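Structure 1 and structure 2 below are the same protein chain in two forms, each given by itself as structure tokens.
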Structure 1
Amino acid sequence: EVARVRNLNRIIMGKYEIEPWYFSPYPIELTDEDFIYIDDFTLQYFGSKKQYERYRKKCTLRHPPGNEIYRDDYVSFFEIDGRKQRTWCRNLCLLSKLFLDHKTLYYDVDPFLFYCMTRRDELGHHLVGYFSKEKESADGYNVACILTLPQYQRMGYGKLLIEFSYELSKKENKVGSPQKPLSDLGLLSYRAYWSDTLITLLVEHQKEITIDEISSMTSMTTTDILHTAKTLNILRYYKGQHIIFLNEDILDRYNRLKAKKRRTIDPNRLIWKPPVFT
């Protein structure tokens, strides 16, 4: 009952005031405040402006508490272990829950890895979005929850997050799909990514290509590939096996897509080996 309504009033994270959408189990005492402050580096919450000031004067952290595993001139990615960085990850999950309706904060953050995308500044690395990932997922999910912060929309950050999640899976030699039921906005973003990478792969490869060979190059599951082809009306059934072809629509979409000149993940800048848990 209480969890089905917006919990907090208005929040100032860093320099941007953001409007929460959903309940988040922040300290209930904070629901009595007009303004809540979120530190831009530690994601720590404050009801008191004076405590915030004192905290900012003593805080030396200027980036996510973990190793930088990716860097281009647009964004960086940090890999953070929930078990190693408990306070920071809880703060992130509390912040994320404000904008994700079906994220659970039921258990502690230990079984999750957090891949945090930042943009660099004179002041440091500013978190703009993230995706979490189970250390060991029974269903083979390569993303648990994924979010772009509201103040950083209209910047193509969501696309970079989704790209980076599959780049990890490719370096893992695994196929992957986002967790369980997807949010309405999340479902929209993945279908756009799935269509874009599928039509880009088909057109540039030119030759005929197998479902399993597409699955091998993109780390997309066969399920996501088939459904993406059905939506694009380029899937057919022959002799008990599925086949993907090309039409006038796919070549047309490709030209429009290439014209957009979007920012992309450069896999050569990903210095990362999969974490080993005993």
Structure 2
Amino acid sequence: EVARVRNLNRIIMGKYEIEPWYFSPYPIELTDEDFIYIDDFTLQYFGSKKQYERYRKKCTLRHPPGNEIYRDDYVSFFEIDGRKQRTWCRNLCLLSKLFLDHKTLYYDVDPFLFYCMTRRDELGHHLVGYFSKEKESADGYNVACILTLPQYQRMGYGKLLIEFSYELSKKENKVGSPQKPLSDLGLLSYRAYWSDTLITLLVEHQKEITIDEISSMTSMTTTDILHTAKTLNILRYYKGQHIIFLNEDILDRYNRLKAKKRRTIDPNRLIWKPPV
């Protein structure tokens, strides 16, 4: 007799079989099998294909459980109150933990809002990623955690999540920055976003822009703006204040950016008011 006690080595989510990057504390028994089923709508986990199918045939909505506060021809965003959808958000946090070195206790979702992004096509809604945000952040962080599901990574979705998070801050008349410390993947994504943002502003808005105009237009913090401007070598002093300025490098980067034909968030489609 060899009794095998296996780790969760693959999660089955729709047609995808995904390998976890890190341990996540799913409250399930460890056995000789190394898989679980994750319903791609409810995010519920099942040790058994039969149990999973039994619940799959139930009538459920085929998108995340919150208000659709943004909808364009490409994506929707749903705003979910952790306290109002405890089970679903707990399920989302267990799933997210498989791809994070650390995450706050998955069970305690009440303090968070979750902004969940779906792709819509002939088959309906497909959750591709989300960011959470503290209802009340002492440090003014505008994102707590952010995640694109591995099967959808490196398709541009992460950047859309980040862009959306700043559209909320702008509507709030606040600057914001993601919670630190940031994973390496998170930080590199933010740096690319910050860089594309300044580059786009310089070409489409104004050849020279003060740090405070940038902040007003983007909701980026002074610190993130300065760090990014220094990396791009575009920090100067002009008419008595610090600015960023356009040069041939920036223009070239912009053209390479446009050439990629990437989707962006349309602020006019965000139908949302801060809690006030």
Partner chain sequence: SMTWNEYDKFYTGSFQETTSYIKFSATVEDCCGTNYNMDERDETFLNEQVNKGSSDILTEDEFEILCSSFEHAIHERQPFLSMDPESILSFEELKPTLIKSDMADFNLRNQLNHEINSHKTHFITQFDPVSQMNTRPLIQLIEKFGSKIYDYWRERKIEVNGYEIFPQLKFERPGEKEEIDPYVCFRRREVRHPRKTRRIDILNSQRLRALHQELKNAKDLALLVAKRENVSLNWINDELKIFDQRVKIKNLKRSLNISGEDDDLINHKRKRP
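All residue numbers here refer to structure 1's sequence, counted from 1. Rigid core here is just the name for the largest C-alpha set that superposes within 1.5 Å across the two forms.
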Looking at both, which one would you say is the form deposited without its partner chain?
2
Comparing forms between the two structures after core superposition, the one residue of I243, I36, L226, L232 displaced by 2 Å or more at CA:
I243
Please determine whether the C-alpha atom of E208 is displaced by 2 Å or more between the two structures following superposition on the rigid core.
yes
Large Cα move at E122 between the two structures, threshold 2 Å, rigid core
yes
Students should find the CA displacement of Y106 between the two structures, rigid core aligned, in Å, to be 6.0
Please report, in Å, how much the Cα atom of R6 moves between the two structures when the rigid core is superposed.
10.8
Could you check how much the CA of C59 shifts between the two structures after a rigid core fit, in angstrom?
3.9
